[PDB]
2 protein chains.
Amino acid sequence: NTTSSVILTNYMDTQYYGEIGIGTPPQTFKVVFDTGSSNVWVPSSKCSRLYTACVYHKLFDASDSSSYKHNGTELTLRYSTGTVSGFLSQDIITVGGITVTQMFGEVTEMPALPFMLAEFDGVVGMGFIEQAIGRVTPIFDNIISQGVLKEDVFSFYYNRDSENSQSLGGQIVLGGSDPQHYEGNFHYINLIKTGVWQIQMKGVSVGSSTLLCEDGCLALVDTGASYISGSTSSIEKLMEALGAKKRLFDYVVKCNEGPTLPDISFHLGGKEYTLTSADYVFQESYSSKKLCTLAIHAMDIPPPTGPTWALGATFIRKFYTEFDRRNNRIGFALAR
Amino acid sequence: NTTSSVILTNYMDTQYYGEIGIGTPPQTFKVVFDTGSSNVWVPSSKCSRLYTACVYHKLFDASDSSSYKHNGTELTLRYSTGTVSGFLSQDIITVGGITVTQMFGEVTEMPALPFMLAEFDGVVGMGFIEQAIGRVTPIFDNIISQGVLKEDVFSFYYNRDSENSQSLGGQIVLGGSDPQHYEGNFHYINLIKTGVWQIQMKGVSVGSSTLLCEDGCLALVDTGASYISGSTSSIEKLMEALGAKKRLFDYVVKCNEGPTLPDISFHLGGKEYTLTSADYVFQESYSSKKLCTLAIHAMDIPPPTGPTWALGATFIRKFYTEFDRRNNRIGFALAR
Ligand SMILES: CCc1nc(N)nc(N)c1-c1ccc2c(c1)N(CCCOC)C(=O)[C@](C)(c1cc(F)cc(F)c1)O2
Ligand SMILES: CCc1nc(N)nc(N)c1-c1ccc2c(c1)N(CCCOC)C(=O)[C@](C)(c1cc(F)cc(F)c1)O2
C-alpha cells in the first residue's frame, strides 16, 4: 500500500527526466525513465575526459560509495539515436522514497553526438527483463520484489513546456496512477507479447482519409522517445499529406501553415487517439519565412521489436499513460 | 464530484479554442468556448464547397455516426463579426472526459469573411438558454442535468502568446476552477439579470481621472470576443486620452511609446480591475520606427444586450474568470 511520485523536468518538450540517488552518501543524477529500454546507466568517473559529454555531466564515483559492490562485466546499450558503453556495478538507488539494490551501467564511452545535447545524465529502463542487455534485472522488477507497491503498475504524465517554473514538467507514479493528471476513464490495450511495451495498432488516419497502417501495424509505447516515430516509408507518406519538407533529421512546414495541418489519429484497441496540429508542431512562430519542426520523425527500429511505430512524448503529453505489468496491458486517458 | 478541463490553443492572442468530439465514434473539432453566445455549432458535410471556409475546415458527417438523430430545423447565428446558417442535429458531445447528448447546428453557409481566418471549426456557446436561438438547450445546462459536476460553475484561463515555448494556450474548467492559473481568492460581481453574462460597471479610469462611464454602464464578459470593446463614442474618447490615432482600420501608437501609456481600470463590484499598457498594447516590437495596434476596439452592440462594453480576451488574459450559474455572478482573480 504505497505509491511514489517522482517529479520530472521538461526541457523544451523533447527531454523528460527526474532525480535518482545512487550510493552512500547519495550521488544524484538526472535520468530519463524509459519504457523503450530495460537497463539503468549513468556516466562513470572512469569515463575518459576526451569524451566531452562526460565533462558536461554528473559522473558516478564508486570510490565515494560505501554501499558499492563490484561486478565489472562489460555492456553496450544501443538506442535508436545513439550508443553508450561501460561496465556493470551494484549499489543502492533511491527513486522517489523507494530504495532498491540495483545493478546498473557505469558508462565510460559516451558520444558527444548526441549526448552533449542531453540535459539528462543517464537513463532508467522501465522495460522488461526480456530486452535487458546482459540479462540484468531491471529496476522495476527489483521494486516489485519488495512487495510494497499497491499495484504492479507505473504511470507517466508529460506536461506541455512552460516559460515559468511553477508548472511541473511531468510525473512518474510507481505503484499506481494520479487522477489529478488525467480525466475520463482509462481505456486498455493488451500487449501483443510480454517482454515489450508494444501493442497492436489498427490504423493511422490523416485528415478525411485512412492512408496509413492499413490492415495493421505495431506501436511501442516509448517514454524515452521525444517524438512519435514510424518507418521511413510510413513517414515519407505521412509527410507528403502534411506538405512537410524532409530536412536532415527532422521534418518541417512553413510556420504559418502549422495551425492548419490536419488531425492525425491513432486507432488503438477500439478507440481513436487524436492529435491536432497544436500537439505535434513546435509552433515557434506564425511567419511564412521561418521554418517549424514537427514532433514526428522517421525511425527504422530493427527486429524483433520492429518494424514498428513508437508513441513517444508527443503522444504521452496528450494521453496520460499507465503501464500495467500485472495484466500486461497499457492504459490511456486524456491528460490534464 | 467531477471536474472536466479542456486545454485551449492560443492563436495570435485573438482566437482561443479547444477540442470536442461529436458522434460515435467521436469526430474532432476545434471550438471557441463562448459566453457571449448560447448555441453549439460545427461545419457540416452538406456544406457546399463554393464556400471556401468549408473546404478548409473539419466537417461533421452524420452518416458516419451511429448516435446521430435527425432534426432539420433551420437556424441562423449572428455574431458581432460573422454570420452562419444551417440546421439542427442531435448527438453525443465529448467535452474533456464528460459525454452529453446535445442539440447543435450543422452549418451549410459559412462566409470567407471571417471564417477563412478562423483556426477553429466551430463554437460551443456557454451562454444562457434565454439568448439561445431556436430555444435549443445549451450544452452547460445539459451537463448540469446529469449532476456530475462539483459546482455549477465554469472558468477560463487565457494565456499570453509566446514565440519561444509550446505553452498552454489556455484552459476551461467545467465544474470548478484551477488555482494553478490564478492567485488569491475570487471576488464576484452579480449579473444585472440571469440570461446574459453581463454586469454593472461603475466607471473606467485612464490613469488618475475617471474619464469614462461616470454614471455607470454595462459590461458583457465575453470569452468568445478577442478584445475589450466599448461603444464607438466611448472608445473615441479613450483613444484620444491614450494618444492613439486611427491608422486606417485600427487605433495605433508608436511601438516605443507603448510603455508610457497609462493604466486602464474597470470598476466592477467595488474593486478596480487594472490593465497596464503591456496588457492592452500588442507590442510586436518596441521600435520608435513602427506602429503597434491596441487590443481594445470599438463595437456598437445593438439592443437588447447593447449598447455595452465587452470584456473579451484582452481582459480574461489579465483576470482568470469564473462564471457562476448557481449564484448568477462572475468571479475575477489575477491570472498567472
Ligand atoms: C533515453 C534513452 C532513449 N531511449 C529510447 N527508447 N529511445 C531513445 N531515442 C533514447 C534516447 C537517446 C538519446 C537521446 C534521447 C533519447 N533524447 C530524448 C530524451 C527523451 O526524454 C523523454 C535526447 O533528447 C537526446 C539528447 C537527443 C537529442 C537530440 F537533439 C537528438 C537525438 F537524436 C537525441 O539523446
Ligand atoms: C466565437 C464566436 C463569437 N462569439 C462572440 N460572442 N463574438 C464574436 N465576435 C464571435 C466570433 C465570430 C467570429 C469570429 C471570431 C469570433 N473570432 C475571434 C475568436 C475568439 O476566440 C476566443 C475570429 O477570430 C474570427 C475568425 C475573426 C477574425 C478576424 F480577423 C475578424 C473577425 F471579425 C473575426 O471570426
# chains A, B, ... in the order shown; residues from 1 in each chain; ligands from 1
>>> residues_near_ligand(ligand="ligand 2", cutoff="7 Å", atoms="only C-alpha atoms and all ligand atoms", output="list in words")
residues 14, 15, 16, 17, 32, 33, 34, 35, 36, 37, 79, 80, 81, 82, 114, 115, 116, 117, 118, 119, 123, 222, 223, 224, 225, 226 and 313 of chain B
>>> write_last_selection(atoms="N, CA and C atoms", output="mmCIF file, in the first residue's frame")
data_model
loop_
_atom_site.group_PDB
_atom_site.id
_atom_site.type_symbol
_atom_site.label_atom_id
_atom_site.label_comp_id
_atom_site.auth_asym_id
_atom_site.auth_seq_id
_atom_site.Cartn_x
_atom_site.Cartn_y
_atom_site.Cartn_z
ATOM 1 N N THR B 14 -5.866 36.281 -30.334
ATOM 2 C CA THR B 14 -7.195 36.710 -30.802
ATOM 3 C C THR B 14 -8.186 35.568 -31.003
ATOM 4 N N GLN B 15 -7.699 34.337 -30.947
ATOM 5 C CA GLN B 15 -8.552 33.160 -31.041
ATOM 6 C C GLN B 15 -8.102 32.161 -29.992
ATOM 7 N N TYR B 16 -9.069 31.576 -29.298
ATOM 8 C CA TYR B 16 -8.815 30.577 -28.276
ATOM 9 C C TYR B 16 -9.826 29.466 -28.468
ATOM 10 N N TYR B 17 -9.331 28.240 -28.589
ATOM 11 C CA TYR B 17 -10.185 27.109 -28.927
ATOM 12 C C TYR B 17 -9.603 25.785 -28.439
ATOM 13 N N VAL B 32 -14.396 27.426 -30.204
ATOM 14 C CA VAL B 32 -14.299 28.513 -29.242
ATOM 15 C C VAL B 32 -15.365 28.284 -28.174
ATOM 16 N N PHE B 33 -14.980 28.329 -26.904
ATOM 17 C CA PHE B 33 -15.951 28.249 -25.811
ATOM 18 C C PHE B 33 -16.374 29.671 -25.449
ATOM 19 N N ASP B 34 -17.655 29.974 -25.675
ATOM 20 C CA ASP B 34 -18.133 31.342 -25.907
ATOM 21 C C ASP B 34 -19.290 31.760 -24.989
ATOM 22 N N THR B 35 -19.009 32.560 -23.963
ATOM 23 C CA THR B 35 -20.061 33.007 -23.041
ATOM 24 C C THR B 35 -20.967 34.085 -23.636
ATOM 25 N N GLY B 36 -20.556 34.691 -24.749
ATOM 26 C CA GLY B 36 -21.377 35.659 -25.461
ATOM 27 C C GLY B 36 -22.385 35.078 -26.452
ATOM 28 N N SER B 37 -22.459 33.753 -26.530
ATOM 29 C CA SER B 37 -23.484 33.060 -27.312
ATOM 30 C C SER B 37 -23.905 31.779 -26.596
ATOM 31 N N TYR B 79 -23.149 36.704 -35.071
ATOM 32 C CA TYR B 79 -22.180 37.275 -34.142
ATOM 33 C C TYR B 79 -21.825 38.685 -34.584
ATOM 34 N N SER B 80 -21.177 39.424 -33.686
ATOM 35 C CA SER B 80 -20.644 40.752 -33.984
ATOM 36 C C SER B 80 -20.069 40.864 -35.393
ATOM 37 N N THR B 81 -19.262 39.876 -35.760
ATOM 38 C CA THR B 81 -18.413 39.984 -36.931
ATOM 39 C C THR B 81 -18.914 39.133 -38.099
ATOM 40 N N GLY B 82 -19.150 37.845 -37.856
ATOM 41 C CA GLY B 82 -19.598 36.934 -38.905
ATOM 42 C C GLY B 82 -20.974 36.334 -38.668
ATOM 43 N N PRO B 114 -15.728 36.176 -41.864
ATOM 44 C CA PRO B 114 -14.337 35.968 -41.437
ATOM 45 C C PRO B 114 -13.870 34.507 -41.288
ATOM 46 N N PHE B 115 -14.694 33.514 -41.619
ATOM 47 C CA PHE B 115 -14.405 32.122 -41.218
ATOM 48 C C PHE B 115 -13.250 31.417 -41.935
ATOM 49 N N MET B 116 -12.717 32.026 -42.992
ATOM 50 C CA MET B 116 -11.457 31.580 -43.594
ATOM 51 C C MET B 116 -10.272 31.866 -42.669
ATOM 52 N N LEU B 117 -10.397 32.921 -41.869
ATOM 53 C CA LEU B 117 -9.404 33.277 -40.856
ATOM 54 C C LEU B 117 -9.509 32.425 -39.596
ATOM 55 N N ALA B 118 -10.684 31.846 -39.358
ATOM 56 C CA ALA B 118 -10.910 31.017 -38.177
ATOM 57 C C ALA B 118 -10.006 29.789 -38.192
ATOM 58 N N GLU B 119 -9.165 29.671 -37.168
ATOM 59 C CA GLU B 119 -8.366 28.472 -36.947
ATOM 60 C C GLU B 119 -9.207 27.413 -36.247
ATOM 61 N N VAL B 123 -18.145 26.618 -32.635
ATOM 62 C CA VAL B 123 -18.363 27.379 -31.414
ATOM 63 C C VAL B 123 -19.223 26.579 -30.443
ATOM 64 N N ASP B 222 -17.248 38.347 -22.156
ATOM 65 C CA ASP B 222 -17.400 37.586 -23.385
ATOM 66 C C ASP B 222 -16.130 36.838 -23.774
ATOM 67 N N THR B 223 -16.089 35.543 -23.478
ATOM 68 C CA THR B 223 -14.924 34.704 -23.776
ATOM 69 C C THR B 223 -14.759 34.407 -25.270
ATOM 70 N N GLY B 224 -15.814 34.637 -26.044
ATOM 71 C CA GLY B 224 -15.764 34.480 -27.489
ATOM 72 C C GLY B 224 -15.433 35.742 -28.260
ATOM 73 N N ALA B 225 -15.130 36.833 -27.558
ATOM 74 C CA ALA B 225 -14.639 38.053 -28.203
ATOM 75 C C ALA B 225 -13.134 38.179 -27.990
ATOM 76 N N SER B 226 -12.437 38.683 -29.004
ATOM 77 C CA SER B 226 -10.987 38.821 -28.961
ATOM 78 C C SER B 226 -10.508 39.972 -28.080
ATOM 79 N N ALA B 313 -10.995 38.751 -24.686
ATOM 80 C CA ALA B 313 -9.774 38.005 -24.390
ATOM 81 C C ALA B 313 -8.695 38.873 -23.738
#
>>> select_by_dssp(residues="segment 8-196 of chain A", states="strand (DSSP E)", output="PDB file with C-alpha atoms, in the first residue's frame")
ATOM      1  CA  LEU A   8      10.093  15.270 -13.823  1.00  0.00           C
ATOM      2  CA  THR A   9      11.659  18.288 -15.527  1.00  0.00           C
ATOM      3  CA  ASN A  10      10.548  19.201 -19.050  1.00  0.00           C
ATOM      4  CA  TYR A  11      13.334  20.550 -21.242  1.00  0.00           C
ATOM      5  CA  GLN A  15      13.516  15.602 -22.797  1.00  0.00           C
ATOM      6  CA  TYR A  16      11.763  14.479 -19.607  1.00  0.00           C
ATOM      7  CA  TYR A  17      13.891  13.439 -16.637  1.00  0.00           C
ATOM      8  CA  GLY A  18      13.874  13.126 -12.846  1.00  0.00           C
ATOM      9  CA  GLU A  19      16.312  12.668  -9.974  1.00  0.00           C
ATOM     10  CA  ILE A  20      17.685   9.397  -8.595  1.00  0.00           C
ATOM     11  CA  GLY A  21      20.313   8.877  -5.910  1.00  0.00           C
ATOM     12  CA  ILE A  22      22.992   6.201  -6.229  1.00  0.00           C
ATOM     13  CA  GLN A  27      25.213  10.810  -5.694  1.00  0.00           C
ATOM     14  CA  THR A  28      22.346  12.389  -7.639  1.00  0.00           C
ATOM     15  CA  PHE A  29      21.643  12.015 -11.362  1.00  0.00           C
ATOM     16  CA  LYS A  30      19.155  13.326 -13.878  1.00  0.00           C
ATOM     17  CA  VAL A  31      17.726  10.289 -15.699  1.00  0.00           C
ATOM     18  CA  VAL A  32      15.072   9.626 -18.341  1.00  0.00           C
ATOM     19  CA  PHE A  33      12.539   6.972 -17.349  1.00  0.00           C
ATOM     20  CA  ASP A  34      12.341   4.861 -20.471  1.00  0.00           C
ATOM     21  CA  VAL A  40      19.854   1.598 -15.875  1.00  0.00           C
ATOM     22  CA  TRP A  41      23.014   3.567 -16.617  1.00  0.00           C
ATOM     23  CA  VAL A  42      24.748   6.757 -15.537  1.00  0.00           C
ATOM     24  CA  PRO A  43      28.061   8.281 -16.674  1.00  0.00           C
ATOM     25  CA  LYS A  69      29.610  -3.702  -4.968  1.00  0.00           C
ATOM     26  CA  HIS A  70      31.944  -4.531  -7.865  1.00  0.00           C
ATOM     27  CA  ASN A  71      30.966  -6.592 -10.913  1.00  0.00           C
ATOM     28  CA  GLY A  72      32.857  -5.194 -13.916  1.00  0.00           C
ATOM     29  CA  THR A  73      31.043  -7.005 -16.740  1.00  0.00           C
ATOM     30  CA  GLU A  74      31.142  -5.049 -19.997  1.00  0.00           C
ATOM     31  CA  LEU A  75      27.919  -3.813 -21.583  1.00  0.00           C
ATOM     32  CA  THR A  76      26.812  -1.882 -24.631  1.00  0.00           C
ATOM     33  CA  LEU A  77      23.397  -0.226 -24.913  1.00  0.00           C
ATOM     34  CA  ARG A  78      22.168   0.539 -28.424  1.00  0.00           C
ATOM     35  CA  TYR A  79      19.433   3.154 -28.664  1.00  0.00           C
ATOM     36  CA  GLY A  82      22.937   6.648 -30.101  1.00  0.00           C
ATOM     37  CA  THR A  83      25.047   4.204 -28.140  1.00  0.00           C
ATOM     38  CA  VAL A  84      26.786   4.006 -24.769  1.00  0.00           C
ATOM     39  CA  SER A  85      29.335   1.581 -23.368  1.00  0.00           C
ATOM     40  CA  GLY A  86      30.844   0.754 -19.996  1.00  0.00           C
ATOM     41  CA  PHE A  87      30.648  -1.892 -17.270  1.00  0.00           C
ATOM     42  CA  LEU A  88      28.226  -3.140 -14.605  1.00  0.00           C
ATOM     43  CA  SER A  89      28.133  -2.048 -10.940  1.00  0.00           C
ATOM     44  CA  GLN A  90      25.816  -2.596  -7.977  1.00  0.00           C
ATOM     45  CA  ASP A  91      24.642  -0.011  -5.475  1.00  0.00           C
ATOM     46  CA  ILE A  92      21.602   1.321  -3.639  1.00  0.00           C
ATOM     47  CA  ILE A  93      19.344   3.554  -5.763  1.00  0.00           C
ATOM     48  CA  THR A  94      16.622   5.853  -4.407  1.00  0.00           C
ATOM     49  CA  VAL A  95      13.674   6.544  -6.719  1.00  0.00           C
ATOM     50  CA  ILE A  98      11.761   3.686  -2.679  1.00  0.00           C
ATOM     51  CA  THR A  99      15.217   2.207  -2.062  1.00  0.00           C
ATOM     52  CA  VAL A 100      16.475  -0.671  -4.182  1.00  0.00           C
ATOM     53  CA  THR A 101      19.694  -2.639  -4.594  1.00  0.00           C
ATOM     54  CA  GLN A 102      20.235  -2.370  -8.357  1.00  0.00           C
ATOM     55  CA  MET A 103      22.736  -3.468 -10.995  1.00  0.00           C
ATOM     56  CA  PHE A 104      23.437  -0.588 -13.406  1.00  0.00           C
ATOM     57  CA  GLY A 105      25.880   0.542 -16.076  1.00  0.00           C
ATOM     58  CA  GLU A 106      28.832   2.797 -15.334  1.00  0.00           C
ATOM     59  CA  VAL A 107      29.292   4.333 -18.811  1.00  0.00           C
ATOM     60  CA  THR A 108      32.866   5.101 -19.962  1.00  0.00           C
ATOM     61  CA  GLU A 109      32.079   5.766 -23.644  1.00  0.00           C
ATOM     62  CA  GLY A 122      21.566   8.765 -17.736  1.00  0.00           C
ATOM     63  CA  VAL A 123      18.567   6.506 -18.239  1.00  0.00           C
ATOM     64  CA  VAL A 124      16.307   4.241 -16.165  1.00  0.00           C
ATOM     65  CA  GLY A 125      14.899   1.449 -18.314  1.00  0.00           C
ATOM     66  CA  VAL A 153       1.962  -0.622 -12.438  1.00  0.00           C
ATOM     67  CA  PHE A 154       3.674   2.673 -13.221  1.00  0.00           C
ATOM     68  CA  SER A 155       2.307   5.772 -14.948  1.00  0.00           C
ATOM     69  CA  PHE A 156       3.562   8.786 -16.910  1.00  0.00           C
ATOM     70  CA  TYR A 157       2.416  12.368 -17.080  1.00  0.00           C
ATOM     71  CA  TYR A 158       4.319  14.578 -19.536  1.00  0.00           C
ATOM     72  CA  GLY A 170       5.884  15.770 -15.578  1.00  0.00           C
ATOM     73  CA  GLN A 171       5.492  12.898 -13.118  1.00  0.00           C
ATOM     74  CA  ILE A 172       6.048   9.153 -12.865  1.00  0.00           C
ATOM     75  CA  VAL A 173       3.950   7.270 -10.311  1.00  0.00           C
ATOM     76  CA  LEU A 174       5.295   3.911  -9.166  1.00  0.00           C
ATOM     77  CA  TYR A 182      -5.966  12.607 -16.235  1.00  0.00           C
ATOM     78  CA  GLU A 183      -9.730  12.771 -16.787  1.00  0.00           C
ATOM     79  CA  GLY A 184     -12.352  10.389 -18.111  1.00  0.00           C
ATOM     80  CA  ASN A 185     -11.607   6.684 -17.782  1.00  0.00           C
ATOM     81  CA  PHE A 186      -8.647   4.509 -18.745  1.00  0.00           C
ATOM     82  CA  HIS A 187      -9.034   2.556 -21.978  1.00  0.00           C
ATOM     83  CA  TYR A 188      -6.811  -0.510 -22.022  1.00  0.00           C
ATOM     84  CA  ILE A 189      -4.995  -2.383 -24.790  1.00  0.00           C
ATOM     85  CA  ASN A 190      -3.274  -5.725 -24.179  1.00  0.00           C
TER      86      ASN A 190
END
>>> interface_residues(of="chain A", to="chain B", cutoff="7 Å", atoms="only C-alpha atoms", output="NGL selection string")
:A and (160-163 or 183-184 or 259-260 or 278 or 282-285 or 336)
>>> write_last_selection(atoms="C-alpha atoms", output="CSV table (one decimal), in the first residue's frame")
chain,number,residue,atom,x,y,z
A,160,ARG,CA,3.5,20.8,-22.1
A,161,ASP,CA,6.5,23.1,-21.8
A,162,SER,CA,6.3,26.3,-19.8
A,163,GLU,CA,8.0,29.7,-19.5
A,183,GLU,CA,-9.7,12.8,-16.8
A,184,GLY,CA,-12.4,10.4,-18.1
A,259,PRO,CA,-2.1,25.6,-37.3
A,260,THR,CA,-4.0,24.4,-40.4
A,278,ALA,CA,-1.2,22.1,-31.7
A,282,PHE,CA,6.5,23.2,-32.4
A,283,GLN,CA,4.7,26.5,-33.1
A,284,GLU,CA,7.6,28.8,-32.5
A,285,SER,CA,6.2,31.4,-35.0
A,336,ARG,CA,-4.9,17.4,-17.9
>>> residues_around(residues="residue 200 of chain A", least_positions_apart="5", cutoff="7 Å", atoms="only C-alpha atoms", output="list in words")
residues 192, 217, 218, 219 and 268 of chain A
>>> write_last_selection(atoms="N, CA, C and O atoms", output="mmCIF file, in the first residue's frame")
data_model
loop_
_atom_site.group_PDB
_atom_site.id
_atom_site.type_symbol
_atom_site.label_atom_id
_atom_site.label_comp_id
_atom_site.auth_asym_id
_atom_site.auth_seq_id
_atom_site.Cartn_x
_atom_site.Cartn_y
_atom_site.Cartn_z
ATOM 1 N N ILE A 192 0.745 -7.251 -27.312
ATOM 2 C CA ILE A 192 0.874 -8.371 -28.234
ATOM 3 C C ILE A 192 1.604 -9.522 -27.546
ATOM 4 O O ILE A 192 1.227 -10.686 -27.680
ATOM 5 N N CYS A 217 -0.492 -2.676 -37.811
ATOM 6 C CA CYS A 217 0.927 -2.414 -37.551
ATOM 7 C C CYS A 217 1.205 -2.486 -36.047
ATOM 8 O O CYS A 217 0.309 -2.787 -35.255
ATOM 9 N N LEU A 218 2.448 -2.222 -35.655
ATOM 10 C CA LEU A 218 2.823 -2.241 -34.246
ATOM 11 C C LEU A 218 2.986 -0.821 -33.693
ATOM 12 O O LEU A 218 3.198 0.136 -34.446
ATOM 13 N N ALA A 219 2.869 -0.699 -32.372
ATOM 14 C CA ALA A 219 3.056 0.570 -31.678
ATOM 15 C C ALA A 219 3.721 0.335 -30.324
ATOM 16 O O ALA A 219 3.076 -0.096 -29.375
ATOM 17 N N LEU A 268 -6.204 2.563 -31.505
ATOM 18 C CA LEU A 268 -5.662 1.612 -30.540
ATOM 19 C C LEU A 268 -6.779 1.017 -29.690
ATOM 20 O O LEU A 268 -7.438 1.732 -28.937
#
>>> select_by_dssp(residues="segment 14-211 of chain A", states="helix (DSSP H, G or I)", output="JSON, numbers by chain")
{"A": [52, 53, 54, 55, 62, 63, 64, 112, 113, 114, 115, 129, 130, 131, 133, 134, 135, 139, 140, 141, 142, 143, 144, 179, 180, 181]}
>>> write_last_selection(atoms="N, CA and C atoms", output="JSON list (two decimals), in the first residue's frame")
[["chain", "number", "residue", "atom", "x", "y", "z"],
["A", 52, "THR", "N", 33.77, 14.58, -24.27],
["A", 52, "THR", "CA", 33.31, 15.86, -23.75],
["A", 52, "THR", "C", 31.94, 15.76, -23.07],
["A", 53, "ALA", "N", 31.11, 14.83, -23.51],
["A", 53, "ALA", "CA", 29.83, 14.54, -22.84],
["A", 53, "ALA", "C", 30.02, 14.17, -21.37],
["A", 54, "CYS", "N", 31.12, 13.48, -21.07],
["A", 54, "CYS", "CA", 31.47, 13.16, -19.69],
["A", 54, "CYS", "C", 32.01, 14.36, -18.89],
["A", 55, "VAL", "N", 32.57, 15.34, -19.59],
["A", 55, "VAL", "CA", 32.98, 16.60, -18.95],
["A", 55, "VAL", "C", 31.75, 17.43, -18.55],
["A", 62, "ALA", "N", 32.56, 5.31, -7.77],
["A", 62, "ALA", "CA", 32.38, 4.14, -6.92],
["A", 62, "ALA", "C", 33.21, 4.25, -5.64],
["A", 63, "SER", "N", 34.36, 4.90, -5.76],
["A", 63, "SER", "CA", 35.26, 5.15, -4.63],
["A", 63, "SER", "C", 34.70, 6.09, -3.56],
["A", 64, "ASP", "N", 33.55, 6.71, -3.81],
["A", 64, "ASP", "CA", 32.88, 7.56, -2.83],
["A", 64, "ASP", "C", 31.65, 6.91, -2.20],
["A", 112, "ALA", "N", 29.75, 12.49, -28.01],
["A", 112, "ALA", "CA", 29.36, 13.89, -27.98],
["A", 112, "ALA", "C", 28.05, 14.13, -28.72],
["A", 113, "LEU", "N", 27.88, 13.46, -29.84],
["A", 113, "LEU", "CA", 26.63, 13.43, -30.56],
["A", 113, "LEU", "C", 26.07, 12.05, -30.32],
["A", 114, "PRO", "N", 24.91, 11.92, -29.68],
["A", 114, "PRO", "CA", 24.04, 13.04, -29.28],
["A", 114, "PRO", "C", 24.18, 13.56, -27.83],
["A", 115, "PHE", "N", 25.03, 12.97, -27.00],
["A", 115, "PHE", "CA", 24.88, 13.20, -25.55],
["A", 115, "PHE", "C", 25.28, 14.58, -25.02],
["A", 129, "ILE", "N", 12.66, -7.50, -18.51],
["A", 129, "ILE", "CA", 13.92, -8.22, -18.42],
["A", 129, "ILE", "C", 14.28, -8.97, -19.71],
["A", 130, "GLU", "N", 13.27, -9.28, -20.53],
["A", 130, "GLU", "CA", 13.47, -9.98, -21.80],
["A", 130, "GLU", "C", 14.32, -9.18, -22.78],
["A", 131, "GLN", "N", 14.23, -7.86, -22.71],
["A", 131, "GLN", "CA", 15.01, -6.96, -23.57],
["A", 131, "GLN", "C", 16.21, -6.34, -22.85],
["A", 133, "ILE", "N", 19.92, -5.95, -21.57],
["A", 133, "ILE", "CA", 21.25, -6.31, -22.02],
["A", 133, "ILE", "C", 22.01, -6.86, -20.83],
["A", 134, "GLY", "N", 22.78, -7.92, -21.06],
["A", 134, "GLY", "CA", 23.47, -8.64, -20.01],
["A", 134, "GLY", "C", 22.55, -9.38, -19.05],
["A", 135, "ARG", "N", 21.26, -9.47, -19.41],
["A", 135, "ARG", "CA", 20.24, -10.08, -18.57],
["A", 135, "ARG", "C", 20.23, -9.55, -17.12],
["A", 139, "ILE", "N", 15.10, -2.32, -12.88],
["A", 139, "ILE", "CA", 14.82, -1.70, -11.58],
["A", 139, "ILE", "C", 13.39, -1.94, -11.10],
["A", 140, "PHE", "N", 12.42, -1.93, -12.00],
["A", 140, "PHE", "CA", 11.03, -2.10, -11.58],
["A", 140, "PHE", "C", 10.72, -3.53, -11.12],
["A", 141, "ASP", "N", 11.46, -4.52, -11.63],
["A", 141, "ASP", "CA", 11.35, -5.89, -11.15],
["A", 141, "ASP", "C", 11.87, -6.00, -9.71],
["A", 142, "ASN", "N", 12.99, -5.33, -9.43],
["A", 142, "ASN", "CA", 13.52, -5.28, -8.07],
["A", 142, "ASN", "C", 12.59, -4.57, -7.08],
["A", 143, "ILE", "N", 11.88, -3.55, -7.54],
["A", 143, "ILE", "CA", 10.93, -2.83, -6.70],
["A", 143, "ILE", "C", 9.70, -3.70, -6.45],
["A", 144, "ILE", "N", 9.22, -4.37, -7.49],
["A", 144, "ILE", "CA", 8.10, -5.32, -7.39],
["A", 144, "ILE", "C", 8.40, -6.42, -6.36],
["A", 179, "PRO", "N", -4.93, 10.61, -10.44],
["A", 179, "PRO", "CA", -6.15, 11.14, -11.06],
["A", 179, "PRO", "C", -6.18, 12.67, -11.22],
["A", 180, "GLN", "N", -5.28, 13.38, -10.55],
["A", 180, "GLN", "CA", -5.08, 14.81, -10.79],
["A", 180, "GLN", "C", -4.58, 15.12, -12.21],
["A", 181, "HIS", "N", -3.95, 14.16, -12.88],
["A", 181, "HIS", "CA", -3.33, 14.42, -14.19],
["A", 181, "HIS", "C", -3.95, 13.67, -15.37]]
>>> atom_distance(atom1="atom CA of residue 279 of chain B", atom2="atom CA of residue 316 of chain B")
10.4 Å
>>> closest_residue(among="A:205, A:232, A:314, A:256", to="residue 299 of chain A", atoms="only C-alpha atoms")
A:232
>>> closest_residue(among="A:148, A:201, A:47, A:221", to="ligand 1", atoms="only C-alpha atoms and all ligand atoms")
A:221
>>> atom_distance(atom1="atom CA of residue 288 of chain B", atom2="atom CA of residue 262 of chain B")
18.3 Å
